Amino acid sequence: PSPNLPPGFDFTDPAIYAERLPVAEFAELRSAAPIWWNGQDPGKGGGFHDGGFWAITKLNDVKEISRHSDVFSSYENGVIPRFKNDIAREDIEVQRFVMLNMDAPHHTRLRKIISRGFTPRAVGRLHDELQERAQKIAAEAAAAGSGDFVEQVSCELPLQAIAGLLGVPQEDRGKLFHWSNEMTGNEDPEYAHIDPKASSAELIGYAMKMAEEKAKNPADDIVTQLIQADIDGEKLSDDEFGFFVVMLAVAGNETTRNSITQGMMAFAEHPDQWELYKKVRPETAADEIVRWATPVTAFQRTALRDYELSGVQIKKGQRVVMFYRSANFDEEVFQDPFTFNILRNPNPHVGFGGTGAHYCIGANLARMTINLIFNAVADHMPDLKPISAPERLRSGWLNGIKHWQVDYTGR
């Protein structure tokens, strides 16, 4: 029996996510077709012209694909499952220059070098300054009495995390943040005028200039670790550092932001959990917020050979799209997946991807950012209450909130 879905339904359709998360549709696939061919009409495949893709809705299947990276490739078609329908193939293939869209051994080399900037010591070194700025952001917002939670609470701390990691001077953080915000969302009418191509080029240019500068005058910031050769002589070229910075500007910006915004949305929806959070401040809340928020709705892979997955024959060359938003609510893995529970432990969500070679290198930096900001929100506006409904982002792979009006004072 075929799943009860509208004819021609596309789970990557940005017009859906601009309005809602298709929670009932995902649940229908998990019940009636956990692996399901999502057909795509000509010129409607978001930049891919192969007829469609396999929708992956179960967490165990998401994990299996992510582990078998020898079969399921990031490089072949990139991992983003939706661009503008008119994008040129060359604009998809330029993304193979960032680590996210590489396969081994190229990915293995880069990941080893970049891992020197995400050690627990390097990330933990950002704790104090990020805590300081989290407290300042919440106090500034609470003083305004009411406003846009997305812009006054959620936006700044993730960007300051990227800036602190890279050792960007305060005078430059303004344009760095601008370039980051110009990277994503070009399919929402509100951001129709942004040029991610142009920003990418400016970001790389800024980063290359920074790499050259930082070789002359090293410090402890991870940038020196990245461009300093090891015993094997392995290090990031200047253009490699540039493509890494472009990746950070995207990877750690709107992801953590939307986790913050949708975490607070859940707290407003579940006051018992908010009261529990304010009293205990449990750091397990961060993982439940990421599971609930699932900022990356979906990433794709391409099969390099025929592969049988959960009784379904995946053919060489076909795309599989891992819907993290479906897997993070998989009934077989979670007890009461649709209960927001900040104490859930263990919490094997795939908000940071499935375990494997590409697992989010910034997961713990993200968890620290989330924990610090919600401690500050609890410290400074414990009775904030929504004013109106959130405005969702028109995107086929990013689950974003553009605006959300809140009374930080309550009355």
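The numbering used is simple: start at 1 and walk along the sequence shown. In this text, rigid core is short for the largest set of C-alphas that superpose within 1.5 Å between two forms.
J.: 76 to 84 versus 182 to 190: which one's CA atoms end up farther from this form in 9 other deposited structures of this protein after a core fit?
T.: The answer is 182 to 190, which departs more from the shown form in 9 other deposited structures of this protein.
J.: After a rigid core fit, does 233 to 241 or 298 to 306 show more C-alpha displacement in 9 other deposited structures of this protein?
T.: After the core superposition, the stretch with higher RMS deviation in 9 other deposited structures of this protein is 233 to 241.
J.: Would you say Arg281 goes unmodelled in a third or more of the other compared entries?
T.: No: coordinates for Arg281 present in every compared entry.
J.: Of the other PDB entries for this protein whose models extend past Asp220 on both sides, does at least a third leave it without coordinates?
T.: Looking at the other entries that model residues on either side of it, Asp220 is missing from at least a third.
J.: State which stretch shows the higher mean Cα B factor in the entry: 343 to 351 or 378 to 386.
T.: On average, C-alpha B-factors are higher across 378 to 386.
J.: Can you let me know which of the two, 394 to 402 or 7 to 15, has the higher average C-alpha B-factor in the entry?
T.: Mean CA B-factor is higher for 7 to 15.
J.: Looking at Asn181, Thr256, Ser199, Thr297, which one carries the largest C-alpha B-factor according to the PDB entry?
T.: Highest C-alpha B-factor among the listed residues goes to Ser199.
J.: Per the PDB entry, which option out of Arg82, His193, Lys214, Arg325 has the greatest Cα B factor?
T.: In this record, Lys214 carries the highest C-alpha B-factor of the candidates.
J.: Looking at the entry's B-factor column for C-alpha atoms only, identify whether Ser69 ranks in the lowest, middle or highest third of its chain.
T.: Middle third, going by the recorded CA B-factors of the chain.
J.: With respect to C-alpha B-factor, does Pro271 fall in the lowest, middle or highest third of the chain as deposited?
T.: Its C-alpha B-factor belongs to the highest third of this chain's values.
J.: C-alpha B factor of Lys316, ranked within the chain: lowest, middle or highest third?
T.: Highest third - that is where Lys316 ends up once the chain's C-alpha B-factors are sorted.
J.: Please place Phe244 in the lowest, middle or highest third of its chain according to the CA B-factor in the PDB entry.
T.: Tercile = middle for this residue's CA B-factor.
J.: Relative to the other modelled residues in the chain, which third contains the C-alpha temperature factor of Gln262: lowest, middle or highest?
T.: Tercile = lowest for this residue's CA B-factor.
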